[PDB]
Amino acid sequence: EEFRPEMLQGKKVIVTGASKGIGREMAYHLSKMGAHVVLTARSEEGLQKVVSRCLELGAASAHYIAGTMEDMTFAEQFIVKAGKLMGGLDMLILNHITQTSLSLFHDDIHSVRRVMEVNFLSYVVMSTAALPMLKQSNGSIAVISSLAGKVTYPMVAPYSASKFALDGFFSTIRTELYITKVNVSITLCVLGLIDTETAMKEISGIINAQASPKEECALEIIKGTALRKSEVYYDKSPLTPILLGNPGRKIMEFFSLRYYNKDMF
């Protein structure tokens, strides 16, 4: 199977954290493809500027709804309004995250809660809210993760916890949808260091690593989701997907389905 940019033409897409970074790039690529987009972030001004640009680039439609995704009530209402604006939903790109600084974890419990609320819990709310619309259209979900969601790094404990949680939850949901013959895809995008202004500011003085371009990154996510792939990998090193392949877990998960009573599906 090969990606064609006509696959997203006319499709109704939602992009979280669309005001800047990879989300903003994803917004532009979808707009060039002639899709319907509803964007979100906290910054009202930031969204307005991106929505304007999306129209110029050639979006079928384009709207913004501003708010914080630490509010679960907002997260649920956002999906419902997004769906009302576009008349349905075809793709859900859960891309947003709460701010995190690189530091050794030290007596930082209220921060951990906040990270789980924004980086993980809201993802569950929005997927749950959006699922009925994605069932109706046989749609997709883009679950944007990290290398730190598969392997561990110092000075990023709460961030990893959340992204690991995303791998646990959405990999399970994916299987359930598959074994129950529900035609909705879930994509876990494992990303290496990307040259977004927030990331580069953060790794400054601490980490000495080469970043990858944010434009090309945004495109691969959109392609990977559109082609209904289980996982997508994006990193500078070509050794990454092989070292993060984990054939044992794949073997484990396949044979494990025989333990179950098929009557449950």
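Numbering starts at 1 and runs along the sequence shown.
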Exercise for the section: Averaging only over Cα atoms, indicate whether 104-112 or 178-186 has the higher B-factor in the PDB entry. Expected result: 104-112
Exercise for the section: Name the higher of the two by mean Cα B-factor in the PDB entry, 144-152 versus 95-103. Expected result: 95-103
Completion exercise
The third of the chain into which the C-alpha temperature factor of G21 falls is the middle
Handout entry: Chain third (lowest, middle, highest) by recorded CA B-factor, residue given as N208
Key = highest
Completion exercise
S43: C-alpha B-factor third of its chain, per the entry, is the middle
Problem - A199 CA temperature factor, ranked by third within the chain - result: middle
Completion exercise
Split the chain's modelled residues into thirds by Cα B-factor; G67 lands in the lowest
